[PDB]
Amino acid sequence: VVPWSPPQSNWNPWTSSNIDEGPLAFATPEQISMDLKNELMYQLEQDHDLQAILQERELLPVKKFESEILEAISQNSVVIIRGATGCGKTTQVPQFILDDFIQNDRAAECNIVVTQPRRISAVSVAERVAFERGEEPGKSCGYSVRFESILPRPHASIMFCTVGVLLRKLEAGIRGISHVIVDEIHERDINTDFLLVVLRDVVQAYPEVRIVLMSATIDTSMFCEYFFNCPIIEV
């Protein structure tokens, strides 16, 4: 079984290396958390376009359940979220988790990898999410696919990737990732199904990891059974 530990201040989980150069070489988590809460406040009070996007975001179907989800993920090692295409699972849930950590002064304690079924999706979704936070990829949002990657920043960040990348990484280790999200599970894929076996081993060794599986269809019982009749949350 592979090695894992929670996020640390002077560890970059995306480049899997100590941080030795730069401000964060010595910054404290409280400092990092406080810093990033303030940078959200500022980006709002300067980018006028951003307030309209957040407004378009409040309107999506999944927003009703922001609390049910955070709570369920926070209390359970594995959680299934399911619901029809168009609710906002893909583009919003990662953000709900991130923002929940930023607002409650916990931004240092959060990094999220999210898998997608295809190269296109890993990239377009990373762009989209960066766009919804008024950024370009590279800051709070990155991606990594075969041959091409714009890694996000070291802290309080989300990296989208193909399953291939994430499997290749699970060899070295996923030190410092707090959340792994497998999106579009309903789409049959071999490596993805294999990824679930590895992730299931990881959870057994490391209860404090958070796994979220996300389906567009009702056929979730196969996965629910595989992860010890874990919670299903409707959206």
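All residue numbers refer to positions in the sequence shown, first residue = 1.
Of the two stretches 34-42 and 162-170, which shows the higher Cα B-factor on average in the entry?
Per the deposited B-factors, the answer is 34-42.
47-55 versus 62-70: which one carries the higher mean Cα B factor per the record?
Going by the record's values, the stretch with the higher mean is 47-55.
Using the B-factor values recorded in the entry, state whether the Cα atom of residue 194 falls in the lowest, middle or highest third among the modelled residues of its chain.
Lowest third, going by the recorded CA B-factors of the chain.
Please place residue 109 in the lowest, middle or highest third of its chain according to the CA B-factor in the PDB entry.
It belongs to the middle third of the chain when residues are ordered by C-alpha B-factor.
Sorting the chain's CA B-factors, does residue 203 end up in the lowest, middle or highest third?
Its C-alpha B-factor belongs to the middle third of this chain's values.
Can you work out whether the C-alpha temperature factor of residue 136 puts it in the lowest, middle or highest third of the chain?
Within its chain, residue 136 is a highest-third residue by C-alpha B-factor, going by the deposited values.
Ordered by C-alpha B-factor within the chain, which third holds residue 213? Give me lowest, middle or highest, please.
CA B-factor rank for residue 213: lowest third.
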